[PDB]
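Visitor: First the structure, then my questions, so here it is.
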Amino acid sequence: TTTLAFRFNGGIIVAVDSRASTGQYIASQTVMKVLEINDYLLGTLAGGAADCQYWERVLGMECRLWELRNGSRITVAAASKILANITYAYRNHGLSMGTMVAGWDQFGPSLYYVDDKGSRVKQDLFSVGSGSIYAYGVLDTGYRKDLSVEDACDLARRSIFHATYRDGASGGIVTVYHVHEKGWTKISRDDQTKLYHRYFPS
Amino acid sequence: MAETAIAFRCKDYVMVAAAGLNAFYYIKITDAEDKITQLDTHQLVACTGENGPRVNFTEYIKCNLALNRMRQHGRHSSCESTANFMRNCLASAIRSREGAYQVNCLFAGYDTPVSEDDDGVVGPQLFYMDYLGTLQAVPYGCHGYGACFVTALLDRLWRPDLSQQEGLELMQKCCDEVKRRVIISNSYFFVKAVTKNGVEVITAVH
Amino acid sequence: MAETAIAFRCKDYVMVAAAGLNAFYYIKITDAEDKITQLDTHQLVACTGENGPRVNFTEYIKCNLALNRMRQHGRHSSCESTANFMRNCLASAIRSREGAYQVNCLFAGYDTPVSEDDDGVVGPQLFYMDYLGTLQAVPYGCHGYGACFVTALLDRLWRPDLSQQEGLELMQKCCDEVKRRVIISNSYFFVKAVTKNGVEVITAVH
Amino acid sequence: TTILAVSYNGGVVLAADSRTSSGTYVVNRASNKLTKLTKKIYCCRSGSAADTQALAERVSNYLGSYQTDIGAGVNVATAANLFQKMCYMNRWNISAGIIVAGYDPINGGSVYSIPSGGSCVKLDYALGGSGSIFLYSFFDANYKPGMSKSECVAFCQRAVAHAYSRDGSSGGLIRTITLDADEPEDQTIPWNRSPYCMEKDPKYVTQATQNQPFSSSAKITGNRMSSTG
Amino acid sequence: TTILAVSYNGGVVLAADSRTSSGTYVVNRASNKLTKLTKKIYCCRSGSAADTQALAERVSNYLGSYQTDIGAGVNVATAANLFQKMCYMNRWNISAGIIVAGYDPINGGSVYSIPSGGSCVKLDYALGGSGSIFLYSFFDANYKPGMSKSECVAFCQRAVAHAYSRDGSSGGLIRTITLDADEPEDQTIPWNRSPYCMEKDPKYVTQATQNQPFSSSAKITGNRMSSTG
Amino acid sequence: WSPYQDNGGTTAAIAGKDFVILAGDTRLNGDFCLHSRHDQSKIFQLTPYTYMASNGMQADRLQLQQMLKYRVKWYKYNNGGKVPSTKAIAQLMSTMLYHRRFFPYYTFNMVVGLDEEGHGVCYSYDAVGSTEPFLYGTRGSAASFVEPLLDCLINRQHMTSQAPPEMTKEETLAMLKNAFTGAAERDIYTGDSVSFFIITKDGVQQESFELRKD
Amino acid sequence: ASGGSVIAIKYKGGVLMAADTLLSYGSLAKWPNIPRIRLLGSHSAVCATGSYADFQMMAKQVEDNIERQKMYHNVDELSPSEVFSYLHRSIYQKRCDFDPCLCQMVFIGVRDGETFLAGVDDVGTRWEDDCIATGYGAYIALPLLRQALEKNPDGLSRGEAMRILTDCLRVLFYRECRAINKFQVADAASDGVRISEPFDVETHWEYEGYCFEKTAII
Amino acid sequence: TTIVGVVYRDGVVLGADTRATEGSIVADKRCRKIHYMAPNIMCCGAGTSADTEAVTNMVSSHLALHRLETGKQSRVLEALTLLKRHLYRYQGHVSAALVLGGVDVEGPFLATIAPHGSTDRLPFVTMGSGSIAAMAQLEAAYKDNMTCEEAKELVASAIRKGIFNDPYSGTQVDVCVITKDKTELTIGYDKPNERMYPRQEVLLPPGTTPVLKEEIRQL
Amino acid sequence: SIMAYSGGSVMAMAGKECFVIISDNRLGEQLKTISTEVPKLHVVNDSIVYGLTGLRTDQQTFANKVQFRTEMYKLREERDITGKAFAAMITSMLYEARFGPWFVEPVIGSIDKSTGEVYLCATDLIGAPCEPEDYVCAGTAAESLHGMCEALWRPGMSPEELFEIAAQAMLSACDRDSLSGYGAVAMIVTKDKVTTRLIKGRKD
Ligand SMILES: Cc1ccc2nc(C(=O)NC3CCCC3)cc(Nc3ccccc3)c2c1
């Protein structure tokens with residue numbers, strides 16, 4: 001499993017693979033590792049799939065309740081704080097979940113990483129999962145704030161591809177989302193082998 | 001313990017510095033994460049530990065201090081009172097079901113007369129805090145792998161009447177020593193100071 | 001594994017780099033220790049591991065190569081032969097009483113025609129070697145915590161026909177990535193190269 | 001510990017040894033393992049002394065109140081059920097083997113075995129303790145059902161003596177109690193008057209020939225008991 | 001496993017069960033645990049089958065050569081010493097309890113016990129195996145030294161039957177062999193003709209009263225063996 | 001003593017255009033013996049259009065089936081007799097599996113049925129309820145033997161040929177019969193007979209397929 | 001106290017269930033006169049392999065439930081299927097509380113023509129078949145019972161079922177360590193369940209290969 | 001694995017299954033477990049296949065050398081002694097449970113050798129994981145002095161009991177009859193599990209799998 | 001485990017007068033792909049092709065030992081070793097280290113150049129042989145390979161049909177395996193010629 005998300009002048013880019021491997025056997029190649037919390041917030045799948053799915057569904061329910069009670073959308077700082085509080089309450093219950101909350105509230109774009117022990121960090125670039133060690137090498141080398149939307153999407157897709165090429169636990173279909181002020185759009189969904197033939201032609 | 005925090009108190013100020021390291025195993029997640037939390041206008045804590053417990057403990061302490069200020073009509077608490085409150089929290093944690101806070105603290109502050117009737121502490125205050133609930137007033141203190149490396153250095157070089165610039169140079173030397181002798185990469189050190197005017201974020205030393 | 005070794009082979013050269021870290025459980029003993037041992041005039045090995053086994057293995061291999069050259073009247077051995085000799089030594093170690101060599105190797109060399117009758121390899125040669133006795137010819141290889149970080153980077157940027165200066169820039173990028181993403185401090189990287197003229201110690205990249 | 005209970009036509013006889021041992025040292029050599037529950041119902045206790053004492057005291061307290069509540073006597077089955085329930089609810093925390101034996105006017109003499117597992121079996125005779133393992137083949141060969149009261153008491157004493165002659169964890173006094181329609185009668189016979197022990201057995205008088213004198217022949221001629229000879 | 005050996009005036013009688021069991025399943029129900037060493041010397045084996053078989057084969061090989069070397073017969077003490085040495089040098093790697101019993105013209109009939117520890121004790125009678133624990137009190141009460149040959153054989157068979165009636169690891173055929181100055185004579189009696197078992201014992205015919213019918217009284221009236229009744 | 005036990009067996013579902021083919025091997029075995037060759041507890045009908053299939057512990061799936069049935073009946077009571085849809089039952093299964101996250105059921109489940117448009121859908125779960133939809137799926141002891149075969153014949157990857165037309169009920173049933181026949185000859189814990197449930201809008205039909213008894 | 005193996009087979013007209021009358025304490029054959037088959041209701045019978053205390057408590061709980069329900073309300077007596085369902089649910093509930101009923105139970109019953117035979121584990125596994133066995137009867141007797149059933153799929157007569165049941169009991173006595181040659185067979189028929197008196201099977205120990213000289217290790 | 005041996009009127013009948021399981025998966029469906037020891041001696045094996053094959057081959061070679069030395073036919077007791085000494089020397093780590101059957105001048109000889117080295121000579125024996133279910137059949141139908149047909153049918157039935165009640169056994173019954181003069185080994189004596197529901201045989205035309213390079217080398 | 005540390009899978013399949021032996025290309029360290037161009041096949045002579053699977057260092061050491069043994073055999077015995085003799089020699093070599101076992105699992109295919117009979121073998125790590133008439137397979141994707149071969153193989157295949165079946169089975173088995181993949185390499189051995197092919201696979 002390899003996931004990445006970075007902040008640039010133009011919003012946030014999120015990118016995922018689609019492989020779930022129960023040890024050595026490949027369980028599935030169509031897993032959705034981007035969890036659409038709402039039409040304005042995005043979450044990521046890493047670690048225990050059931051834990052992430054259930055708790056980000058809980059987070060989406062709490063965000064909808066926040067909107068209903070208060071008449072306005074929740075901020076990403078508050079949404080990430082809810083997940084972090086929930087996770088910290090269960091830090092001794094053996095949860096396994098590493099997620100990223102990316103959104104565009106009234107204070108611009110914002111990205112948080114929340115682990116399974118209640119940690120909640122706010123930086124402009126994260127890579128999560130067993131393939132992150134391969135993404136960072138491609139991602140830290142080409143990342144810059146003044147990237148175009150197309151350039152940022154290309155960088156994220158290339159980093160995820162290079163993660164899937166060397167990591168046995170990562171693979172499937174590379175999916176790229178872009179979070180902007182109007183919400184998020186699924187930018188792309190491309191097969192990894194076709195990505196290899198596109199990048200390394202001939 | 002991987003991240004080193006340094007603090008030393010002088011005649012007119014206390015300087016603290018905290019490594020900004022965050023890691024998942026051997027991977028450096030980030031190297032710029034502020035681990036110095038300002039509790040009051042003239043109080044702060046430099047905390048070492050993993051993000052969850054550290055953030056929860058600091059936010060709990062800060063929220064309780066703010067609530068006390070609200071219920072006491074803006075009466076600011078002394079450094080000793082806040083330090084004892086943190087110590088009581090940490091000591092209560094180690095005998096609770098949820099377990100102890102895996103956070104080591106250097107609490108710095110400056111005491112000012114709250115009113116004309118006040119006759120308490122006026123200089124700067126520094127406190128060393130273990131995760132088990134130990135509290136000790138020290139002229140200087142350190143946490144992390146580099147702590148000992150700094151401590152002897154301070155024993156060699158610290159003076160009670162150091163100036164702000166000479167204190168800045170001393171903190172730069174301590175951070176350089178930590179970078180030189182610790183295998184764990186602490187590239188950035190997030191230095192802040194407490195003076196009679198409050199908390200200042202010092203960017204010269206890092 | 002704490003210390004990261006990088007190697008990549010181009011059309012006319014092989015560049016290797018080895019972190020100079022030496023530590024005692026969290027203490028940086030030194031950061032400038034050459035872990036690249038020159039075996040022959042056109043052969044070298046970058047070895048990761050603790051000092052004892054690494055030094056013993058490299059000295060054993062170098063002494064055996066020198067003895068073979070003596071008993072063969074100055075006939076220099078090919079890169080494949082030396083790599084297979086090292087692989088046999090490592091594989092024999094893992095089934096011996098004294099145990100396996102806890103050393104990971106990147107073996108680099110340049111093959112030249114020993115005589116006019118020679119019809120063997122002429123370009124550069126690079127071999128990845130696991131401590132268990134694995135041997136694999138690779139265009140580039142890496143060991144240590146940063147290895148994966150470099151590998152994908154190489155998969156992004158390596159080309160077969162890179163020049164010496166562009167290869168130097170690529171190695172600088174790899175070392176910068178290792179320093180950026182690995183919590184273990186690898187400040188100095190000890191870069192060397194093998195070309196048709198032999199072994200050169202490159203000081204520009206570190 | 002050796003405990004047993006045997007039913008005859010009138011009632012029951014309960015027999016036990018007197019030895020509480022901390023592994024290999026005799027902490028008590030005059031224990032009383034026949035514990036009164038009601039006037040005509042007793043229990044033989046084996047295993048943990050504290051656990052069995054607490055169980056017996058609780059059951060006796062429960063039975064004493066029950067007599068006052070109903071205004072009549074208690075059947076042996078009621079006490080057996082009380083022990084069975086209390087031992088089954090605590091089977092993982094206690095080490096106890098119980099024999100519940102007594103007389104009631106409705107069912108005559110009754111004997112119940114409640115092993116460590118917590119079951120309850122109604123039997124003509126029951127054995128328990130570490131020394132019971134030596135008595136099973138003794139009962140299969142020498143025990144005939146339908147003995148008289150005195151015959152049953154004598155057989156129980158002989159069985160207990162044979163049991164602790166071989167069991168190191170059992171020994172000391174032999175305590176018996178007879179429970180029937182008449183007044184219950186107890187008896188304590190000491191070790192020096194025991195019906196059996198290997199020390200007085202004539203077939204174990206001759207010592208094994210182990211210390212051969214140095215001889216010029218392979219003929220075995222007894223142990224060497226003298227320096228000169 | 002139940003093995004024993006008893007000495008009478010002329011020689012010895014060796015008795016054993018026939019059951020090799022892998023814990024709770026009967027791998028063999030017609031085993032022969034009386035292993036020939038010489039013509040007049042045998043051993044009863046208990047414990048690990050492979051270890052005891054190897055020990056007996058090695059000792060028999062050693063004794064057969066010794067007869068040819070000395071040109072005379074072998075005393076029972078020599079075979080006992082051979083087993084004692086071989087079991088003492090391997091006491092940590094083998095699981096074996098040996099009884100060495102036989103006849104020699106010099107010392108008559110001899111019985112030796114070599115337990116798992118590796119010692120050697122010369123005895124009038126010896127018991128061994130898991131089922132031996134049931135026989136000790138059987139020998140203390142029913143065994144009288146000085147029986148005749150036929151009496152000794154009958155007593156050994158009765159003791160083996162009583163032993164495996166209670167031992168789950170013992171059962172099947174009863175094998176006896178008589179060793180004396182005459183020709184050694186073997187005998188194998190089956191289970192259906194055994195001198196004792198609890199199935200034919202009249203005192204265990206009546207079943208324990210456990211399945212009470214639902215009744216309006218506390219009187220115990222037997223088990224419920226029919227739906228209507 | 002352990003509160004868990006694996007009874008073996010394998011299930012497999014393939015979702016068609018307007019049908020679902022569910023299948024489960026009827027074989028229940030204990031420690032090393034064979035409890036029965038005609039165990040039909042693996043496949044459970046929740047609604048006329050939704051079925052569940054479980055592998056692993058038999059008692060755990062019996063309990064889970066009872067819980068699902070009573071939750072569905074409560075839903076029918078609380079929604080005016082409206083039967084829950086396949087996706088609602090899938091989400092409910094995930095939620096209830098996760099509720100017992102600290103003492104998990106030893107079941108691997110699949111929820112199959114028709115969509116609102118009538119097109120067949122399959123859902124697969126881990127022990128703690130990680131749901132994932134798909135068009136086919138195999139669970140149990142022989143999953144690794146038949147899942148790659150379904151991958152090759154359905155996805156038709158690494159084939160330089162035009163994709164054949166989409167399979168009907170008969171071809172899907174024949175393919176699944178071949179998959180189970182192949183699994184029963186190489187996996188020792190599966191195969192006495194396979195129960196097939198063909199779920200369409202015009203009711204559900206049941207069929208039984210013979211396998212080897214060794 | 002632990003019980004041995006239990007076997008049961010359905011014949012054309014009812015069910016038969018056989019078990020030995022022995023409770024053991026480890027390897028000690030402690031009590032050879034124990035009636036292990038217990039009658040539940042007026043239609044069913046049960047016998048458990050394993051712990052006897054747990055079986056006693058569970059049987060008491062089940063029998064109290066039937067009689068109290070029949071007595072308190074003017075309702076029909078519970079069907080054997082319903083009794084077995086209650087037993088299985090109780091066993092599973094004990095398992096989920098980490099206080100299991102460490103027994104393997106065989107359950108038989110007949111009501112108004114329909115025959116019911118089932119088995120349940122200590123952890124909640126339940127199954128129904130034409131032949132059930134617990135303990136070593138599952139490995140020893142069950143293959144023979146299945147072969148006898150499959151040699152005539154029209155159904156076994158009572159005599160044919162009894163013959164193969166006695167054959168399986170004989171083999172169990174041959175090959176099971178903690179067993180005795182004393183068995184009871186309960187017959188569940190239309191009129192009700194009837195438990196027979198204890199009996200024994202005839203054994204054979206006179207094979208020519210069993211002699212002293214052929215089995216000797218010289 | 002289920003291996004069975006039976007002594008009948010004149011000779012020994014051995015039987016085995018043919019399924020070999022590569023750790024809970026069927027590797028080969030027609031494995032051979034009745035091994036050659038001598039012209040008059042055979043040995044079925046169960047447990048670690050490598051250990052059984054190695055020990056049987058070694059003892060058979062030793063027996064062949066010994067018959068070259070002596071000039072007589074090999075005795076079953078000699079093979080039994082060699083096998084038991086070798087198995088005991090390794091303290092059971094050579095995990096091979098053997099059923100040895102032969103005929104000598106002293107008549108039929110059937111025995112079992114445990115992996116630890118213990119031996120039991122019996123008229124009828126079973127070994128393997130499905131041995132118990134096999135043994136229950138032998139205890140139910142064995143009688144002294146059976147004819148060849150009765151012994152063969154009993155062995156086949158006992159093997160089938162392990163075939164259907166043990167997941168590790170099946171797919172055939174191998175039967176070997178050993179007499180004083182002749183030793184016959186039937187492989188397909190019983191095939192209860194036939195081939196049902198044949199394959200679809202879906203065709204893949206040559207060229208459906210893309211090829212990156214190709215090299216043809218004529219010989 | 002040690003056998004799955006390096007990854008890799010090999011499978012041999014029997015035609016009429018031919019056999020196809022195919023190996024994956026991946027070499028890795030327990031999750032991380034060291035190289036994607038490491039076939040596991042070895043040619044002994046014109047008739048025998050065998051592949052090794054397991055710990056890569058053990059694969060290389062055992063291959064060197066086998067090369068030594070076959071060269072010595074061809075020097076001493078003036079002839080090429082046969083498939084059955086080669087398999088027996090591997091069995092003996094593997095059983096010599098019965099308690100110090102090599103961590104390989106060979107897959108041997110051979111054909112008689114004069115007769116045309118096809119011999120397949122696949123031993124365990126201690127040499128326990130296995131000689132079926134349809135197919136053998138070893139590696140991390142052994143279960144999937146077994147399923148695909150059982151579902152696709154038929155007795156009377158042509159070399160081309162056999163190659164297509166083997167390629168499809170190998171690719172489909174590697175798709176479900178995280179330790180195997182990156183294309184394949186296949187060898188079709190007939191009575192008259194030997195063909196080597198490289199088969200496209202996923203780069204995952
Ligand atoms: C910000 C960050 C960076 C790297 C992360 N790396 C791994 C990870 O598994 N790395 C592998 C092991 C060591 C090298 C490869 C896991 C992470 N979060 C996480 C994922 C799932 C559950 C809990 C936490 C990360 C988060």
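If you're wondering about the labels, chains in the structure tokens are A, B, ... by order shown, residues count from 1 in each chain, ligands from 1 in order shown.
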List the neighbours of residue 39 in chain I out to 12 Å using only C-alpha atoms; skip same-chain residues closer than 2 positions along the sequence, and give me the result as a PyMOL selection string.
Guide: (chain C and resi 136) or (chain I and resi 7-10+21-27+35-37+41-43+50-53+56+59-60+180-187+197-199)
Visitor: Could you list the protein, DNA and RNA residues that have any atom within 6 Å of ligand 1, counting only C-alpha atoms and all ligand atoms, and write them as a CSV table (one decimal) with N, CA, C and O atoms, in the first residue's frame?
Guide:
chain,number,residue,atom,x,y,z
A,46,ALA,N,-4.8,3.3,4.7
A,46,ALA,CA,-3.5,2.7,5.0
A,46,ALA,C,-3.6,1.9,6.3
A,46,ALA,O,-4.1,2.5,7.3
A,47,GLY,N,-3.0,0.7,6.3
A,47,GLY,CA,-3.0,-0.1,7.5
A,47,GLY,C,-4.2,-1.0,7.5
A,47,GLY,O,-4.5,-1.6,6.5
A,96,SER,N,-4.9,-0.1,13.8
A,96,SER,CA,-3.9,0.0,12.8
A,96,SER,C,-4.4,0.9,11.6
A,96,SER,O,-5.1,0.3,10.8
A,97,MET,N,-4.1,2.2,11.6
A,97,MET,CA,-4.7,3.0,10.6
A,97,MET,C,-3.8,4.3,10.5
A,97,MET,O,-3.5,4.9,11.5
A,98,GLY,N,-3.3,4.6,9.3
A,98,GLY,CA,-2.7,5.8,9.0
A,98,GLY,C,-3.3,6.5,7.9
A,98,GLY,O,-3.3,6.1,6.7
A,115,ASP,N,-2.1,9.1,12.6
A,115,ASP,CA,-1.7,7.7,12.8
A,115,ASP,C,-2.7,7.0,13.6
A,115,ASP,O,-3.8,7.5,13.9
A,116,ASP,N,-2.3,5.8,14.0
A,116,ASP,CA,-3.2,4.9,14.9
A,116,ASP,C,-3.0,5.1,16.4
A,116,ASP,O,-3.6,4.4,17.2
A,126,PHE,N,3.1,14.4,2.6
A,126,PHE,CA,3.2,13.2,3.3
A,126,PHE,C,3.1,12.0,2.3
A,126,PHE,O,2.5,12.1,1.2
A,127,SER,N,3.8,10.9,2.7
A,127,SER,CA,3.7,9.6,2.0
A,127,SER,C,3.5,8.6,3.1
A,127,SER,O,4.2,8.5,4.1
A,128,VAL,N,2.5,7.7,2.9
A,128,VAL,CA,2.1,6.8,3.9
A,128,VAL,C,2.0,5.4,3.3
A,128,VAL,O,1.6,5.2,2.1
A,129,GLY,N,2.4,4.4,4.1
A,129,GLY,CA,2.3,3.0,3.6
A,129,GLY,C,3.7,2.4,3.5
A,129,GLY,O,4.7,3.0,3.6
A,130,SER,N,3.7,1.1,3.1
A,130,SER,CA,4.9,0.3,2.9
A,130,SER,C,5.7,0.8,1.7
A,130,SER,O,6.9,0.6,1.7
A,131,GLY,N,5.0,1.4,0.7
A,131,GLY,CA,5.7,1.9,-0.5
A,131,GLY,C,6.1,3.4,-0.4
A,131,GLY,O,6.7,3.9,-1.3
A,132,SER,N,5.9,4.0,0.8
A,132,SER,CA,6.2,5.4,0.9
A,132,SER,C,7.7,5.6,0.7
A,132,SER,O,8.1,6.7,0.2
A,133,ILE,N,8.5,4.7,1.2
A,133,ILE,CA,10.0,4.8,1.0
A,133,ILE,C,10.4,5.0,-0.4
A,133,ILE,O,11.4,5.6,-0.7
B,24,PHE,N,8.5,8.0,11.4
B,24,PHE,CA,7.8,6.8,11.5
B,24,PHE,C,8.8,5.7,11.3
B,24,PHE,O,9.3,5.5,10.2
B,29,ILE,N,9.5,11.9,8.9
B,29,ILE,CA,8.3,12.5,8.3
B,29,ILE,C,8.4,14.0,8.1
B,29,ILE,O,8.1,14.5,7.0
Visitor: Which chain I residues are at most 12 Å from chain F (counting only C-alpha atoms), as a short mmCIF file (atom, residue, chain, number, x, y, z; two decimals) with N, CA, C and O atoms, in the first residue's frame?
Guide:
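So the final result, stored in part.cif, reads:
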data_model
loop_
_atom_site.label_atom_id
_atom_site.label_comp_id
_atom_site.auth_asym_id
_atom_site.auth_seq_id
_atom_site.Cartn_x
_atom_site.Cartn_y
_atom_site.Cartn_z
N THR I 140 6.60 -19.34 -4.68
CA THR I 140 5.64 -18.65 -3.83
C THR I 140 4.23 -18.73 -4.39
O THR I 140 3.26 -18.73 -3.63
N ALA I 141 4.09 -18.79 -5.72
CA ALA I 141 2.79 -18.90 -6.38
C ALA I 141 2.47 -20.35 -6.73
O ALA I 141 1.86 -20.63 -7.76
N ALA I 142 2.89 -21.29 -5.88
CA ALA I 142 2.71 -22.71 -6.18
C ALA I 142 1.24 -23.10 -6.22
O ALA I 142 0.83 -23.89 -7.08
N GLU I 143 0.43 -22.58 -5.29
CA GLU I 143 -0.98 -22.94 -5.25
C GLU I 143 -1.72 -22.45 -6.49
O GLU I 143 -2.49 -23.19 -7.11
N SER I 144 -1.49 -21.19 -6.87
CA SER I 144 -2.14 -20.65 -8.06
C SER I 144 -1.66 -21.35 -9.32
O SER I 144 -2.46 -21.60 -10.23
N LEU I 145 -0.37 -21.67 -9.39
CA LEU I 145 0.15 -22.43 -10.52
C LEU I 145 -0.51 -23.80 -10.61
O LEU I 145 -0.89 -24.25 -11.70
N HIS I 146 -0.66 -24.47 -9.47
CA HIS I 146 -1.33 -25.77 -9.45
C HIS I 146 -2.76 -25.65 -9.95
O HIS I 146 -3.21 -26.46 -10.76
N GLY I 147 -3.49 -24.63 -9.47
CA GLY I 147 -4.86 -24.46 -9.91
C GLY I 147 -4.97 -24.20 -11.40
O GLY I 147 -5.79 -24.81 -12.09
N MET I 148 -4.13 -23.29 -11.92
CA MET I 148 -4.19 -22.97 -13.34
C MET I 148 -3.81 -24.17 -14.20
O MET I 148 -4.46 -24.43 -15.22
N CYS I 149 -2.77 -24.90 -13.82
CA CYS I 149 -2.37 -26.08 -14.59
C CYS I 149 -3.43 -27.16 -14.53
O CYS I 149 -3.71 -27.81 -15.55
N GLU I 150 -4.03 -27.38 -13.36
CA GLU I 150 -5.11 -28.35 -13.26
C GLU I 150 -6.30 -27.96 -14.13
O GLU I 150 -6.95 -28.83 -14.71
N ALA I 151 -6.58 -26.67 -14.24
CA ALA I 151 -7.72 -26.20 -15.02
C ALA I 151 -7.45 -26.13 -16.51
O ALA I 151 -8.41 -26.16 -17.30
N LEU I 152 -6.19 -26.04 -16.94
CA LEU I 152 -5.90 -25.79 -18.35
C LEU I 152 -5.22 -26.95 -19.07
O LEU I 152 -5.33 -27.05 -20.29
N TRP I 153 -4.51 -27.82 -18.35
CA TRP I 153 -3.68 -28.82 -19.00
C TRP I 153 -4.49 -30.00 -19.53
O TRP I 153 -5.46 -30.44 -18.90
N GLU I 164 1.52 -21.83 -24.80
CA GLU I 164 0.48 -20.86 -24.48
C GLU I 164 -0.16 -21.16 -23.13
O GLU I 164 -0.40 -20.25 -22.32
N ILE I 165 -0.45 -22.44 -22.87
CA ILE I 165 -1.04 -22.82 -21.58
C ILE I 165 -0.09 -22.46 -20.44
O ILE I 165 -0.51 -21.90 -19.42
N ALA I 167 2.33 -20.20 -20.37
CA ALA I 167 2.45 -18.75 -20.22
C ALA I 167 1.23 -18.17 -19.52
O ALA I 167 1.36 -17.34 -18.61
N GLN I 168 0.03 -18.59 -19.93
CA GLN I 168 -1.18 -18.09 -19.29
C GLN I 168 -1.22 -18.47 -17.82
O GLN I 168 -1.52 -17.63 -16.96
N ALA I 169 -0.90 -19.73 -17.50
CA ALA I 169 -0.91 -20.17 -16.12
C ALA I 169 0.10 -19.39 -15.29
O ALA I 169 -0.20 -18.95 -14.17
N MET I 170 1.31 -19.20 -15.82
CA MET I 170 2.35 -18.49 -15.09
C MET I 170 1.96 -17.05 -14.82
O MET I 170 2.11 -16.55 -13.70
N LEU I 171 1.44 -16.36 -15.84
CA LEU I 171 1.07 -14.96 -15.67
C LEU I 171 -0.09 -14.81 -14.69
O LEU I 171 -0.08 -13.93 -13.82
N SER I 172 -1.10 -15.68 -14.81
CA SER I 172 -2.24 -15.59 -13.90
C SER I 172 -1.85 -15.94 -12.47
O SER I 172 -2.43 -15.39 -11.53
N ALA I 173 -0.89 -16.85 -12.29
CA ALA I 173 -0.43 -17.16 -10.94
C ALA I 173 0.41 -16.03 -10.36
O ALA I 173 0.31 -15.74 -9.16
N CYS I 174 1.23 -15.38 -11.19
CA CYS I 174 2.03 -14.26 -10.71
C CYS I 174 1.19 -13.02 -10.42
O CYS I 174 1.60 -12.20 -9.60
N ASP I 175 0.04 -12.88 -11.09
CA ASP I 175 -0.82 -11.74 -10.79
C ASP I 175 -1.33 -11.77 -9.36
O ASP I 175 -1.49 -10.71 -8.74
N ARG I 176 -1.59 -12.96 -8.82
CA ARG I 176 -2.10 -13.11 -7.46
C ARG I 176 -0.99 -13.22 -6.42
O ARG I 176 -1.28 -13.38 -5.24
N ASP I 177 0.27 -13.15 -6.84
CA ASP I 177 1.41 -13.29 -5.95
C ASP I 177 2.20 -11.98 -5.92
O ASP I 177 2.52 -11.42 -6.97
N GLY I 183 7.00 -10.35 -15.89
CA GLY I 183 7.18 -11.15 -17.08
C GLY I 183 7.57 -12.58 -16.75
O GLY I 183 7.50 -13.03 -15.60
N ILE I 199 8.31 -13.65 -22.14
CA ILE I 199 6.87 -13.43 -22.18
C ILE I 199 6.55 -12.16 -21.40
O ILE I 199 6.98 -12.00 -20.25
N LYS I 200 5.79 -11.27 -22.03
CA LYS I 200 5.36 -10.02 -21.42
C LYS I 200 4.59 -10.29 -20.13
O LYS I 200 3.78 -11.22 -20.07
N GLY I 201 4.83 -9.47 -19.12
CA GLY I 201 4.09 -9.53 -17.88
C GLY I 201 3.85 -8.14 -17.32
O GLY I 201 4.33 -7.14 -17.85
N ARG I 202 3.09 -8.11 -16.23
CA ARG I 202 2.86 -6.86 -15.53
C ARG I 202 4.15 -6.38 -14.87
O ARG I 202 4.98 -7.18 -14.42
#
